[PDB]
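So the sequences go chain by chain: U, F, H, B and W. If you use this note's numbering, the first sequence corresponds to residues 41 to 229, in order. If you use this note's numbering, the second sequence corresponds to residues 369 to 463, in order. If you use this note's numbering, the third sequence corresponds to residues 946 to 1231, in order. If you use this note's numbering, the fourth sequence corresponds to residues 2 to 71, in order. If you use this note's numbering, the fifth sequence corresponds to residues -6 to 283, in order. Since the structure comes first, as structure tokens, the remarks are kept for the end.
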Amino acid sequence: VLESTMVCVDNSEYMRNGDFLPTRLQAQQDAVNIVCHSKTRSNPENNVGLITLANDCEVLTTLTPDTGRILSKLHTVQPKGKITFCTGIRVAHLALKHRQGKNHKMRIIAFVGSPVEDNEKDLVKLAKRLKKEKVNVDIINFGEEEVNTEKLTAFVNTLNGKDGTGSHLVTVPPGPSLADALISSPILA
Amino acid sequence: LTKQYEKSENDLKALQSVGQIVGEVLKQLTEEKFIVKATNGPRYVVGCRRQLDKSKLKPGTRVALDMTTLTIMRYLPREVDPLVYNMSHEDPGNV
Amino acid sequence: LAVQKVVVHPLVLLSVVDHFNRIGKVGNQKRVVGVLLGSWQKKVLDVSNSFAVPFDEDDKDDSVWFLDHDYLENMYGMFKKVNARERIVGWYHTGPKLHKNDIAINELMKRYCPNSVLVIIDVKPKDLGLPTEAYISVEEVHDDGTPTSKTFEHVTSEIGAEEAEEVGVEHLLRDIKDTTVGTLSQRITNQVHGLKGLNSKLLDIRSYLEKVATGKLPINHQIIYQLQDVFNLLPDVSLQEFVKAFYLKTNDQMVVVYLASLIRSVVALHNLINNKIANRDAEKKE
Amino acid sequence: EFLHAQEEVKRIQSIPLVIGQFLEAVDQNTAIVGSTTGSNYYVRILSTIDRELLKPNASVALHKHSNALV
Amino acid sequence: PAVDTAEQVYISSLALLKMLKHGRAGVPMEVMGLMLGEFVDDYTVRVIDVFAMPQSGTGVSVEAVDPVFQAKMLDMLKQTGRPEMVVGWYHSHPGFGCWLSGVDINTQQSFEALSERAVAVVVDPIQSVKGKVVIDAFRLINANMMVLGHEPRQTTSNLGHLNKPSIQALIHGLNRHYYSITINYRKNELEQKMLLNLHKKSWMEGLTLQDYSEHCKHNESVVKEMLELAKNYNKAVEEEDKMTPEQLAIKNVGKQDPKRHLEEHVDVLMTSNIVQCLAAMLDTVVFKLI
Ligand SMILES: [Zn+2]
């Protein structure tokens, strides 16, 4: 569909772990290379931009009808700092409000690979704000899902409300590659 | 031929250009006002292009002026007289 | 520092006012942020053009803010193509005062221009001060042992116009700008504006000290150090030496005024002589 | 409006201007000037020109069209 | 539906400065750009903003409009609150009046095919002086309609004939191949107050006292100048008594007037000393130790 997506890639210290072959930083790079490529063929006008989820969020590349520039930026992304998921979505939502074409639909792709260190009340109120602007954030709960499975559960349930599968909370258990589970996930469907 | 089109297209761009009056700078009045004299003609109070250096426009420097506005377009080296050119490029005969 | 003075042209002011108006039309905005373009001459900046860039900030958190830097690069190539001599020299924002996240935005701006200059252009028509307040990011090395931080150092700002830019401004200000007032009246109005400007500056310091006294803000110990120098520099005009020198200098200028007035009166008498001769000659032939 | 009229008459001095030689002042507003084109013209003088600078053999800038002393 | 002579083109304060700045910097190239705005009605054309097209190469003439530059500039301006269509084009005529040449007529026809109400604005940054900018808005006259015996536009008002056409423009096809649209300027209180800050001196300068050493030397030098001028002024009074009314002014050509210079020296000295005295007196109480 004619929608504009932003990938909230994570470069926290936990991205050096080898839980996903070969590295969580390298595994997520293949994940972006496939999900970003999927959004290109769904609609040639689709917009994809990169936002880093380091200690302080940094928009590496805004929305663009280009794929190659996304990966070149991800090549230089090094593991550093702690995740800040609260500000990552808002800074990604802010770029969504200033997209190339306002007829595009809201969509945010988050790579949560470090625990979200916030209260449930703040995470819930973030979902309500995104539901106000019809923003759907797609999150893969890889990495530390053993402790994020509850905080993110309130995130998607509040955003999706009671009807409509606007956002998905696909959670890949550790294994060969999280990208191999993405093509079967509803994110790429 | 692809090269034939390039040469033909180069002529079309070259046709749109207009010749420039050749003069000589006499004195710079202000930062944007110059006194120039035509090679064979009157002296004018003319302006100069912003992009030009304005430091190489010393008095006596040969300049090219726009035909309409007489604005200085560029500074040229000292003109070589064609008779003087033929003097230098004259074959002695390998004697 | 690296900048001695920033010259902001009237085109930038109109562009910033228009930029704030058009985006402010669609949605209420705390401020709008753009990119300043200009040339460098010795150590005085020459901000001459500007373009708008997408920008948004959450009011609650200063950390959340987005600036479309890809738009910033794309628009620069536009202006560089038209005018190659205008390079990125900083950014602007129309917020009435500085923001906490300005030092963060400058870092994003610093990578395109290492000596980036932030100029705050107040859209609201302030009565006394210039609408522009130029700042530069510097490393304030504290002597209290606190770690060095990035602070904005104020750079003197002046509104100057290009010859053609001045031509358009006088066309737009033709009716309201009153040039009939003489030079002497203009200088006295400058002195009145100087008194008003000094008074406003002094009230700002007094307001700051009032809040410090009641505990609204703590003691800075750099302002208080600066304030002691300000009051120490206050000259004693009651000294006999200064009074005699002031009297001696005042009388020196008075005689020159007296001489000029003496010359003026007789020259005026000469004009009256010519007028009466012309009037008498005109009526004699008629 | 007198100041505006004084300001707006200066467009007669816009470059390019042909350079002449001041020869003789016939009256206040008219004079004889020798243009560098080789022709002597009886033209008008702009009222905002300092007549103390109109010395003999003084180079003067003339209007490129009307040859007026500007 | 003949267009009306009372049609007006409204150019904003920002638009006028951009063409003046772009036109002057491009002297003498006929630097062109596009005018953004809105056709409010059949009688008004608003120019909210303009932007300058790049010069492809050398040549003092209007080049072809670059479509990629225009489209992607228009697209990127729409992002920052400028969703304004192109209402015409502007280009500079550095010193030779505001009119349309043969190339300009062809360029305008390209805009006329797309938008029938496109306006060709010509700006003269060289002939423009303070308080009076040499500008004009042109739209082409169709040869088919005028040849058969039809006026290019209807005149239902006096508005369009208030400005007398210049002879330079009439020479170059005015009222024959194109007509002039009267240009009015849209100025608001906000932008007008903002432009008033130009050359506004700082509050520090008003209370700042001039150096007394240079002030006294300037007092010294100018008073010494009046010593010679007064001596020459006496001669001028006797000379003009015995001197014919035909040489009241001719004899003043090429010779300095002592009376005129005496007034200038007096006027210069009176403001120099009065301001210095008043500033010194104001600073005496404003900056006081007590
Ligand atoms: Zn033209």
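We put the beta carbon where it would ideally sit given N, CA and C, even for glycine.
Inter-residue CB distance, residue i and residue j (contact presumed, cutoff 8 Å)
i, j, result
"residue 996/H", "residue 977/H", "Not really, about 12 Å apart at Cβ, beyond 8 Å."
"residue 162/W", "residue 91/W", "7 Å"
"residue 53/U", "residue 119/U", "6 Å"
"residue 261/W", "residue 215/W", "7 Å"
"residue 1300/H", "residue 1078/H", "Because chain H in this structure spans residues 946 to 1231, residue 1300/H falls outside the shown range and cannot be described."
"residue 98/W", "residue 40/W", "That belief does not hold up - the Cβ atoms of residue 98/W and residue 40/W are roughly 21 Å apart, past 8 Å."
"residue 47/W", "residue 62/W", "6 Å"
"residue 1150/H", "residue 190/W", "Actually they do not touch by this definition, with Cβ atoms about 24 Å apart."
"residue 129/U", "residue 148/U", "6 Å"
"residue 50/U", "residue 153/U", "5 Å"
Spatial neighbours of residue i in its chain, beta-carbon cut-off 6 Å, leaving aside the 5 residues before and after
i, result
"residue 30/B", "45 and 46"
"residue 1002/H", "1010"
"residue 117/W", "86, 91 and 127"
"residue 1186/H", "none"
"residue 157/U", "none"
"residue 158/W", "167"
Between the CA atoms of residue j and residue i - distance to the nearest angstrom
i, j, result
"residue 77/W", "residue 68/W", "10 Å"
"residue 146/W", "residue 43/W", "27 Å"
"residue 174/W", "residue 114/W", "9 Å"
"residue 153/W", "residue 1141/H", "48 Å"
"residue 1174/H", "residue 1180/H", "12 Å"
"residue 125/W", "residue 176/W", "13 Å"
"residue 1068/H", "residue 1172/H", "31 Å"
"residue 499/F", "residue 1115/H", "A query on residue 499/F cannot be resolved here, the shown segment of chain F reaching from 369 to 463 and no further."
"residue 1108/H", "residue 111/U", "48 Å"
"residue 206/W", "residue 991/H", "33 Å"
"residue 62/U", "residue 75/U", "19 Å"
"residue 50/W", "residue 66/W", "20 Å"
"residue 400/F", "residue 148/W", "44 Å"
"residue 79/U", "residue 42/U", "9 Å"
Neighbourhood of residue i by C-beta, 7 Å cutoff - its chain only, sequence neighbours within 5 removed
i, result
"residue 447/F", "430"
"residue 424/F", "443"
"residue 182/W", "none"
Spatial neighbours of residue i in its chain, beta-carbon cut-off 8 Å, leaving aside the 5 residues before and after
i, result
"residue 1048/H", "1082, 1095, 1096 and 1097"
"residue 974/H", "965 and 968"
"residue 58/U", "64"
"residue 53/W", "21, 22 and 23"
"residue 297/W", "It is not possible to answer for residue 297/W, since the shown part of chain W is limited to -6 through 283."
"residue 255/W", "219, 222, 223 and 226"
"residue 989/H", "948, 949, 950, 951 and 952"
"residue 1153/H", "1162 and 1168"
Interface partners of residue i on chain B, CB under 8 Å
i, result
"residue 245/W", "52 and 53"
"residue 401/F", "16"
Neighbouring residues, chain H, relative to residue i (Cβ below 8 Å)
i, result
"residue 137/U", "1001"
Where residue i meets chain B, residues with beta-carbon distance less than 9 Å
i, result
"residue 373/F", "Simply none; closest approach about 40 Å."
"residue 250/W", "52 and 53"
Chain-ordered neighbours of residue i on chain U, where CB pairs are closer than 8 Å
i, result
"residue 1016/H", "102"
Proximal chain F residues relative to residue i, where beta-carbon distance stays under 8 Å
i, result
"residue 54/W", "384 and 386"
"residue 62/B", "413"
Contacts of residue i in chain H (Cβ-Cβ under 9 Å)
i, result
"residue 131/U", "1003, 1008, 1009, 1010 and 1011"
"residue 7/W", "956, 959, 960, 962 and 963"
Interface partners of residue i on chain B, CB under 7 Å
i, result
"residue 122/W", "8, 9, 11 and 12"
Proximal chain W residues relative to residue i, where beta-carbon distance stays under 7 Å
i, result
"residue 1/B", "Because chain B is modelled from 2 through 71, residue 1/B falls outside the range shown and cannot be assessed."
Where residue i meets chain F, residues with beta-carbon distance less than 9 Å
i, result
"residue 21/W", "415, 417, 434, 436, 437, 438, 439 and 441"
"residue 19/B", "410, 411, 412 and 413"
Residue i: CB within 8 Å of a non-hydrogen atom of ligand 3
i, result
"residue 86/W", "The ligand content of the structure shown is limited to ligand 1, which means ligand 3 is not among them."
Residues that residue i contacts on chain W, provided the C-beta gap is smaller than 8 Å
i, result
"residue 992/H", "By Cβ distance, chain W contributes nothing, its closest Cβ being about 13 Å from residue 992/H, past 8 Å."
What runs of the beta strand (DSSP E), each 3 residues or longer, lie entirely inside the segment 64 to 121 of chain W? Runs of the beta strand (DSSP E) inside the segment 64 to 121 of chain W: 78 to 85.
Ignoring anything shorter than 3 residues or poking outside the segment 998 to 1084 of chain H, list the beta strand (DSSP E) runs there in chain order.
-> Within the segment 998 to 1084 of chain H, the runs of beta strand (DSSP E) at least 3 residues long that lie entirely inside it are, in chain order, 1000 to 1002, 1010 to 1012, 1032 to 1038 and 1062 to 1066.
Within the segment 370 to 398 of chain F, ranges of the alpha helix (DSSP H) (whole runs, at least 4 residues): Restricting attention to alpha helix (DSSP H) runs no shorter than 4 residues, the segment 370 to 398 of chain F encloses them at 370 to 383, ordered along the chain.
- alpha helix (DSSP H) runs wholly inside the segment 1147 to 1219 of chain H, at least 4 long, in chain order: Taken in chain order, the whole alpha helix (DSSP H) runs of length 4 or more contained in the segment 1147 to 1219 of chain H are 1168 to 1177.
| field | Runs of alpha helix (DSSP H) lying entirely within the segment 1088 to 1119 of chain H, each at least 4 residues, in chain order | value | DSSP runs (the alpha helix (DSSP H)) wholly in the segment 1088 to 1119 of chain H: 1108 to 1117.
Next item on the list: Please specify which runs of the alpha helix (DSSP H), each continuous and at least 4 residues long, are wholly inside the segment 116 to 199 of chain W, giving them in chain order.
Entry: Within the segment 116 to 199 of chain W, the complete alpha helix (DSSP H) runs of at least 4 residues are 136 to 140, 160 to 164 and 182 to 188.
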